[PDB]
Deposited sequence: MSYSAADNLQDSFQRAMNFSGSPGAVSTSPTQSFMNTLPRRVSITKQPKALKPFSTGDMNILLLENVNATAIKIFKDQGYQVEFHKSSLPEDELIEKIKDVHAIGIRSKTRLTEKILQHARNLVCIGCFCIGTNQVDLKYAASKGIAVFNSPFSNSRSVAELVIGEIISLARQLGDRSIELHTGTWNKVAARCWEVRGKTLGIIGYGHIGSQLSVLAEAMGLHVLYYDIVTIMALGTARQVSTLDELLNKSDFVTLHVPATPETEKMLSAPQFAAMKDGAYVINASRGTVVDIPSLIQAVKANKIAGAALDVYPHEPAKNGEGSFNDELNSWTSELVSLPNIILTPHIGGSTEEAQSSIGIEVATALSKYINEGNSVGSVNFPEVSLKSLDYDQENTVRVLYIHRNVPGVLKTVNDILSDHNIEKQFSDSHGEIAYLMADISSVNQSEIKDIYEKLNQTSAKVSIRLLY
């Protein structure tokens, strides 16, 4: 061949609009501290509220923080007079009418990826635990039985981990798994840049053939529904292990149960199930919830967990920071980036030295001529910069205008409030 070119590899201005924050479902303390440090008055609750007690409280509330339990429907959101934004201190947002919340000009924020590390660590733990049958050993000794067994108990070093879904969690797991001396194969429907010395594989069937531990880290889709069933378990190695901390639908439990009973699968660890209790309870996990529970809990070397993949102080702490920060930046700067129901819109902060500069936050219906109106109303002042984006029926305009005194604020606000397309207005000075 021939030697050829190697491959290419100022303190900010504090904006003013008391602010009322209501937090439900035991939001982490980190969230509470962030809000209080900004002056906001914070109401905290360890549990949800009934539809009655809530409506009375959401009348005056400027920002509500919820989790998965509190359902915010059109019914309960219509009484929200001053509500600026909703914080989902969790992954899910189904508990909120996004479409409606949008139409009233309420921005919703969540924490999708705060639990990645917590699920990865759990899987390392579960790999070692299954490999050595810790659960069984500890249960035996607790009932007074001494069963010292080395047969088909393994060092994880030199074993192969099959990661189905190389996302946020799958990729973090990859690094840890290599660190613990595992070979890492991964099947994904998308071609993804491997971390460390991991190897992407063309077919799930190849992964199942060559892996000792198979773990799922995929979302819920028709493709993932019962994607691990009799045929897949038949394609896996004799005495291999199945780990599902992904979704309750992705594994066919009765197939797994047969495979385990047939001495084909040496053990498994499930964090998620097709049907799960709505609350913590004593007789919650039974044949009424899942027909096969009593059969499943009969099997040896099966680790069962009540959806604790992201159940850590770290996870809840960073969820508290991520979301509390998101709401704070939306309230203080109108920053709607990362919003799940809103146009994503932001502008560089203003310097302290930019005296007499107001920020216009104008959520409006996405129809022609609205900017014509607004920029006419602001024509008397120089627009340093502005940004407008649309999300279906709704749209959001941020504009920084210079040379406004206390006098002209009241005027500009009133004029914008009287506009045809207006859904909500805030002025930050």
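The chain's deposited sequence has unresolved stretches at 1-23, 33-45, 54-57, with no C-alpha coordinates there.
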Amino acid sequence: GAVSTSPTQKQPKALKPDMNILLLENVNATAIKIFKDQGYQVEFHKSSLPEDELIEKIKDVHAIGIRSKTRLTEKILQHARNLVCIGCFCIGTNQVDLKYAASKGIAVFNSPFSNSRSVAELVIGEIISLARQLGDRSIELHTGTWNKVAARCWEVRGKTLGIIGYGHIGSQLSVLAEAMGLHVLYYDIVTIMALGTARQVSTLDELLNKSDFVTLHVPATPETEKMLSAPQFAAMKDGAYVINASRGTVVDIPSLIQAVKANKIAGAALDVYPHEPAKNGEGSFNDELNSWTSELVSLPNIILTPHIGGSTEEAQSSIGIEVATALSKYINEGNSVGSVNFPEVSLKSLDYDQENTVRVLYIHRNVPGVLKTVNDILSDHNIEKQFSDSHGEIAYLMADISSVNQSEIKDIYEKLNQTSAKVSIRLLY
From here on, numbers count along this sequence of modelled residues.
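As recorded in the PDB entry, 52-60 is the stretch of 52-60 and 384-392 with the greater mean C-alpha temperature factor. When 130-138 is weighed against 274-282, 274-282 comes out higher, by mean CA B-factor as recorded in the entry.
Listed residues 38, 28, 366, 70 were ranked by CA B-factor as deposited; 38 comes out on top. The top Cα temperature factor in the record, among 307, 152, 81, 104, falls on 81. Among all modelled residues in its chain, residue 34 ranks in the middle third by Cα B-factor. Sorting the modelled residues of the chain by their CA temperature factor places residue 339 in the middle third. The deposited CA B-factor of residue 221 belongs to the highest third of values across its chain. When all modelled residues of the chain are sorted by CA temperature factor, residue 398 is found within the lowest third. Among the modelled residues of its chain, residue 95 has a C-alpha B-factor that falls in the middle third according to the deposited record.
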